[PDB]
Amino acid sequence: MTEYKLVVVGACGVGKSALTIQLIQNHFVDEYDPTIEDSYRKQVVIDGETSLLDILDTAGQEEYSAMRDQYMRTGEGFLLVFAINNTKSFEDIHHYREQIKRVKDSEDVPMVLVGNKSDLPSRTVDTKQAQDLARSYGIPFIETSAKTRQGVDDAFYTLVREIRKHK
Ligand SMILES: *CCC(=O)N1CC2(CC(n3nc(-c4ccccc4)c(-c4c(Cl)c(C)cc5[nH]ncc45)c3C)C2)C1
Ligand SMILES: Nc1nc2c(ncn2[C@@H]2O[C@H](COP(=O)(O)OP(=O)(O)O)[C@@H](O)[C@H]2O)c(=O)[nH]1
Ligand SMILES: [Mg+2]
């Protein structure tokens with residue numbers, strides 16, 4: 123059984139925890155302590171291959187550390203999450219992508235851009251803007267809602283597919 127180390131990154135409040143919990147416990151969490159950073163495991167079947175997903179839901183301090191570089195370097199694929207109603211969270215994506223490229227020492231790291239909270243009517247980031255950004259990066263873009271489950275399996279499964287292509 124192949125194991126894939128996935129990491130969920132993005133600003134505070136974009137839905138990193140709710141997305142991870144929807145995949146693991148099949149339930150929408152309306153609150154989850156922003157300081158809890160943990161890894162969650164799930165056995166899935168993607169394209170006939172049984173796989174173990176080991177997902178790191180980043181949280182805690184918004185600060186630089188060499189220790190965090192070391193464990194972020196272990197990730198094989200990264201979900202760059204923003205919320206469709208938070209322009210600042212979209213403007214932060216470049217920052218997360220470049221920090222990941224820095225620790226992986228590569229310009230080619232498996233990533234997926236994720237536009238979360240797709241169920242809300244308060245949109246500030248146009249879908250075409252997110253598609254444009256994903257195209258400029260050469261990565262897939264998935265619209266998700268941790269509330270309704272829209273795109274949740276797609277975001278993680280697409281990331282596993284990106285890793286398979288890299289490997
Ligand atoms: C509200 C709590 C929450 O959900 N958080 C997510 C977050 C921001 C995450 N984070 N911030 C940094 C960072 C901070 C300052 C300078 C540079 C980076 C990182 C980070 C990343 Cl993405 C990499 C690849 C390497 C690294 N080394 N130190 C920090 C850092 C992260 C994950 C935590 C608070
Ligand atoms: N409506 C809606 N709210 C979401 C969604 N995902 C997360 N939230 C809410 O946004 C807030 C932040 O979510 P959370 O998972 O804690 O964000 P994190 O800081 O990135 O881990 C919580 O109140 C969540 O319930 C979503 O897809 N739709
Ligand atoms: Mg969280």
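Just add 122 to wherever you are in the sequence shown, counting from 1, and you've got our numbering. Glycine is no exception: its CB is placed at the ideal position from the N, C-alpha and C atoms.
Legend entry - Cβ shell of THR209 (< 8 angstroms), same chain only, five flanking positions each side left out: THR246 and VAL247
Legend entry - CA-to-CA distance, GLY132 to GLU213, given in whole angstroms: 10 angstroms
Legend entry - Nearest neighbour of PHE263, chosen from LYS269, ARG224 and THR280 [CA to CA]: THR280
Legend entry - Under 8 angstroms between C-beta atoms of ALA181 and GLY137: no
Inset, instruction - Can you tell me which of the three DSSP states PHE150 falls into? - result: coil
Inset, instruction - Note down the Cα distance separating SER139 from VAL151, rounded to an integer number of angstroms. - result: 8 angstroms
Inset, instruction - Under 7 angstroms Cβ to Cβ from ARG163, same chain only, skipping five residues before and after it: list those, please. - result: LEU174, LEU175 and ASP176
Legend entry - Residues passing the C-beta test against ligand 3 heavy atoms, cut-off 7 angstroms: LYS138, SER139, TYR154, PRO156, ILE158, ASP179 and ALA181
Inset, instruction - Can you tell me which of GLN165, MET123, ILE143 and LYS127 puts its alpha carbon nearest to the alpha carbon of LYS269? - result: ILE143
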